[PDB]
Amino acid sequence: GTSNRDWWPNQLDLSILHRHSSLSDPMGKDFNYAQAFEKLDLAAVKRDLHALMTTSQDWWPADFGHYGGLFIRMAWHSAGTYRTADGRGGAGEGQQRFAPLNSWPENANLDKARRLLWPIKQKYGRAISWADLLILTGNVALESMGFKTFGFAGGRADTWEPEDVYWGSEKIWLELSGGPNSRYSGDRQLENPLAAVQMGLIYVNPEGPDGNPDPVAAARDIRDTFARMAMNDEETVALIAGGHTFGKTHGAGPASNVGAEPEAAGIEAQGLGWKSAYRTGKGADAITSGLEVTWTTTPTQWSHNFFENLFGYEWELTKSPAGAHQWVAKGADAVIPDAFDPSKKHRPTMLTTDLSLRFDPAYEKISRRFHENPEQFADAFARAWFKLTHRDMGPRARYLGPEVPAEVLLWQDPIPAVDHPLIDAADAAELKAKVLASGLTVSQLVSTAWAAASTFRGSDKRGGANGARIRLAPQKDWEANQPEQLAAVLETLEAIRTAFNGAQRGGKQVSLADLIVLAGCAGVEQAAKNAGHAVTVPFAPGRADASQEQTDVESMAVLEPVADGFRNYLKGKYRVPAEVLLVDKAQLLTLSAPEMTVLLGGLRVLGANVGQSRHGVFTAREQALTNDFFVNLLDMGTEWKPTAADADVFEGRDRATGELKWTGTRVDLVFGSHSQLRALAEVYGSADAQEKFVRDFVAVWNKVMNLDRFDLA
């Protein structure tokens, strides 16, 4: 069937904005997963998981009688798709059970692991999500094998369709770099926002870069990809050596024996894949990666034997039975148990990437310290395993259950507790009037609140106006936030705040975070008044102010908006057309196409553009909340053409006279070009739409202001 995507492959795709509809969700509109989870008997689930670990099924027999290592890999892969650039991937939505991830080559045979969990999932039903169950299982695995975890939080609600993620442009699974769709260029520079080295890999190639078994060059790729998943050297070493304390790899025969991945397999496979014609196809004969390595002398028990082997032997390059490069210990005895035959033992083996931890000089220093001090290694691994599995969950307020760690960690972008009465509706009215009497303008008020709130991204639930981090490094200095204007506004609001808080009794006070949002509410209200319309913008207090000491400046850099079409802003020149970047921002903000449309049309006429650019400001009553952007854009009296100086800026001229009326970017004019976006523009630019435009603008403004308010969930 030929589709629109076939005929017009470069046209913008709005369907990413309309996933997660109430249509595709099997649970009722009123289902609240947190309420369900909070009544789960978590202890009972963990005792069923503990039993499962040593209850082998004959369709996928357990290595060493224990599924622990399989399930640790499962959980690590669930979390391991995470990219800090955009916050997409990670374990937080249980996406490993849908396409494409369920059929990526590096997820081979995790179909079996997830099928092992069905009886448990079935037993507890809606009170435990697949998303949470995958993580919990990896925890129970670690526990069952003698490792003390840092804790666990529930609350990852299940999703019901594949997430729209750009995973790369390659058309071949695992394609080596330098192809027609190479994710690499320059001196091995991996393209943003990707955080893996080949399409269908979690981080790096276990044989070495593009299959070259050089541990020193492989370390480079490990360091770069882990940093793109927000893990530093200590965390990286802890995680790789920690995971590879357990279990084994599977490469018992040639890979050509392995059949279709789950999405490609026959209907009779009933959602499983990688069916193997090599001997029994499973157990002793399993093939997953094609490597055949077992790291430790007790693969089903926590130990410090990974580093004892790493540092106590010298290593020789060898090949698995599938032909993959791997390493064996020179002159070693057979000390490693076999997974099924108790009369057989094997020499220690390592992946190229394991040896990276000894042959890269910075990793070597950490690895030696972990070898000499295995209590340090155990604590680093527990903390890193927690971060790995929780990094995309969002603020601590979303953490459910009896095992949440009490320690507040810097990577959580923590927000202090509120310990005082909040402002009431009369206070909020009084503050709005004080803000408007200060002489701050609509443009200043709307721009500041937009800058504070529009850092949120729903992909990992970071960002938002909670915290008042807009006043702190690095946000206060970002170009899009207009640092000198911003500083002036914040000084005036901090004076308003000091005066209001000094006059109270009873401990009542207002945070700057709340007052920034409220002040933006007053700007929207005043703009509505400027247009002849009395509206109240909703406001919910209870945000708190974080300190600089509670803010990791390097982790916050990924939240900088380098492209924000809501402020007509592009920090530099990109490959990707600015309209595509706008739809990507809308998706991160959780906006639909109609919400994106209303919000951008209003923000243009409110003066929200960076630098006071006139691009898209299609009004003669700036700072009034009207639908002029739509009326003017859709006026066929005006003809548009790209400028000679810059093809991405357009002049709108009177069609009859030639007189210059306006200028606009691609982000402005897409609303008059794309057939679906123009239909939306037509609704708001109709003669009956002023009241609708105002109400829908207020609604979407308030939505953006509240994106991070999981305290009100």
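Residue positions are given as counts along the sequence shown, with the first one as 1.
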Averaging the C-alpha B factors as listed in the entry, name the stretch that ends up higher: 206 to 214 or 535 to 543. 206 to 214
Given 100 to 108 and 382 to 390, the range whose Cα B-factors average higher in the PDB entry: 100 to 108
Looking at the C-alpha B-factor values in the deposited entry, which of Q485, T288, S129, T245 comes out highest? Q485
Options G87, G259, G401, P374 - largest CA temperature factor per the record: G259
Is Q270 in the lowest, middle or highest third of its chain when residues are ranked by C-alpha B-factor? middle
Comparing against every modelled residue in the chain, figure out the third that the C-alpha B-factor of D648 lands in (lowest, middle or highest). highest
Chain-wide C-alpha B factor ranking for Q676, given as lowest, middle or highest third: lowest
Quick check on the deposited entry: does the C-alpha B-factor of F370 sit in the lowest, middle or highest third of its chain? lowest
Divide the modelled residues of the chain into thirds by Cα B-factor and specify which third, lowest, middle or highest, holds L317. highest
